[PDB]
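See below for the structure under consideration.
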Amino acid sequence: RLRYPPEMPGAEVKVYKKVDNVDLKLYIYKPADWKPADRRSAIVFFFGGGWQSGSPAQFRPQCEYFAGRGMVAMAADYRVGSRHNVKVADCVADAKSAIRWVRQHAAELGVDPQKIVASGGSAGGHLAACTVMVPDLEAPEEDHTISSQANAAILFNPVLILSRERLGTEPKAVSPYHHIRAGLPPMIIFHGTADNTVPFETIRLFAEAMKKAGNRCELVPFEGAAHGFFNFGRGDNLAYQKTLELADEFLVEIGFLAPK
């Protein structure tokens, strides 16, 4: 089960942000035959936990998988309410910092700065959505001429409508649904139809409005599945395996990954 601080065997650790004397880390899984001159796609995972808890260990299985497939895969730590005096808008700033850091350091990471994927589950899927479509909420001292916007997203039962005391902004400013517009990066979404934490209908409504604006927004329902269905260990790792094979296919389709 998940522990914080996480153990991340085999990952290279880099501090991507220093803020209130906290050193926030990225845990980086490089593929075989990796070289700095490479231009691989990257994927950055944001754990779930209601913006209050959670662990980067959550997406360690997925990191190992996508590293095995030739991406530079990484799990980001970010500040959360039970550990740091933060609100949702601060978590957004951290998620954006992580994407900007990867892009800023793309040359030394062997990464194509235009093939950075944001990903996460629940609150972390909300953060990944924020890095593709929610404006502003940037760390004020960072270089805003380096974009923090990811080039694609892969979302595991995200929160996408926040339409209050722990947000740190007026709710629309952290609500991906309220920033749907044309010209957005492609994404795929996995959600359980029996999710009692985040109602499936909010996600269905989100995807229909994205498609109307011309965006590639694929929603894959998991019939009768509950919140968290996708994680390593839940069930018999069937949905775990299925989301990875569908996410893999999605990355191949958009040109970020080579076919197996």
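To be explicit about the labels: the chains of the structure tokens are called A, B, and onward in the order shown, and within each one the residues are counted from 1, while ligands get numbers from 1 in the order they are shown.
Here the alpha helix (DSSP H) residues in segment 94-192 of chain A, by DSSP on the backbone, are residues 94, 95, 96, 97, 98, 99, 100, 101, 102, 103, 104, 106, 107, 108, 109, 123, 124, 125, 126, 127, 128, 129, 130, 131, 132 and 133 of chain A.
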Show me, as JSON lines, the residues of segment 145-254 of chain A having an atom within 12 Å of segment 67-70 of chain A, each with the closest atom pair and its distance in Å, using only C-alpha atoms.
{"residue": "A:244", "atom": "CA", "partner": "A:69", "partner_atom": "CA", "distance": 11.3}
{"residue": "A:245", "atom": "CA", "partner": "A:69", "partner_atom": "CA", "distance": 11.5}
{"residue": "A:247", "atom": "CA", "partner": "A:69", "partner_atom": "CA", "distance": 11.9}
{"residue": "A:248", "atom": "CA", "partner": "A:69", "partner_atom": "CA", "distance": 8.8}
{"residue": "A:249", "atom": "CA", "partner": "A:69", "partner_atom": "CA", "distance": 11.7}
{"residue": "A:251", "atom": "CA", "partner": "A:69", "partner_atom": "CA", "distance": 10.8}
{"residue": "A:252", "atom": "CA", "partner": "A:69", "partner_atom": "CA", "distance": 10.8}
Using only C-alpha atoms, please write the residues we just selected to a file, as a PDB file, in the first residue's frame.
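Result went into again24.pdb, see below:
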ATOM      1  CA  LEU A 244      -2.441   1.023 -20.032  1.00  0.00           C
ATOM      2  CA  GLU A 245      -3.183  -0.668 -23.342  1.00  0.00           C
ATOM      3  CA  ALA A 247      -3.357   4.836 -23.152  1.00  0.00           C
ATOM      4  CA  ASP A 248      -0.520   3.198 -25.130  1.00  0.00           C
ATOM      5  CA  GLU A 249      -2.720   3.076 -28.220  1.00  0.00           C
ATOM      6  CA  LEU A 251       0.055   7.807 -27.500  1.00  0.00           C
ATOM      7  CA  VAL A 252       0.797   5.789 -30.665  1.00  0.00           C
TER       8      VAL A 252
END
Can you tell me which residues surround residue 135 of chain A at a distance of at most 9 Å, considering only C-alpha atoms, apart from same-chain residues fewer than 4 positions away, and format the answer as a VMD selection string? chain A and resid 130 to 131 173 to 174 179
Those same residues, written as a PDB file, in the first residue's frame with C-alpha atoms?
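To be explicit, this is the file written out as result_28.pdb:
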ATOM      1  CA  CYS A 130      -5.195  22.233 -15.483  1.00  0.00           C
ATOM      2  CA  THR A 131      -1.791  22.006 -17.185  1.00  0.00           C
ATOM      3  CA  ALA A 173     -10.560  29.681 -11.960  1.00  0.00           C
ATOM      4  CA  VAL A 174      -9.624  26.091 -10.984  1.00  0.00           C
ATOM      5  CA  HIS A 179     -12.108  26.747 -19.720  1.00  0.00           C
TER       6      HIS A 179
END
Give me the residues within 12 Å of residue 182 of chain A as a VMD selection string, counting only C-alpha atoms and dropping any in the same chain fewer than 4 places off. chain A and resid 133 186 209 to 217
When distances are computed from only C-alpha atoms, which of A:166, A:40, A:105, A:242 shows the smallest separation from residue 222 of chain A? A:242
Rounded to one decimal in Å, what is the spacing between atom CA of residue 229 of chain A and atom CA of residue 53 of chain A? 18.5 Å
Rounded to one decimal place, report the atom CA of residue 134 of chain A-atom CA of residue 221 of chain A distance in Å. 24.0 Å
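If only C-alpha atoms are the atoms counted, then among A:197, A:52, A:151, A:241 the closest residue to residue 227 of chain A is A:197.
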For residue 100 of chain A, which residue among A:7, A:170, A:138, A:77 is the nearest when counting only C-alpha atoms? A:138
Using only C-alpha atoms, determine which residues lie at most 8 Å from residue 4 of chain A, disregarding the query and same-chain residues fewer than 2 positions distant; provide the list as number ranges by chain. A: 2, 6, 54-55
Kindly indicate which residue among A:161, A:238, A:194, A:75 lies nearest to residue 126 of chain A, using only C-alpha atoms for the distances. A:161
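Among the candidates A:94, A:195, A:201, A:143, the residue lying nearest to residue 156 of chain A is A:195 (atoms considered: only C-alpha atoms).
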Smallest atom-to-atom distance to residue 90 of chain A: which of A:137, A:20, A:253, A:158, using only C-alpha atoms? A:137
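Interatomic distance, atom CA of residue 11 of chain A to atom CA of residue 82 of chain A: 25.3 Å.
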Report as a ChimeraX atom specification all protein, DNA and RNA residues lying within 12 Å of residue 164 of chain A, evaluated on only C-alpha atoms, omitting residues in the same chain fewer than 5 positions from it. /A:87-89,169-175
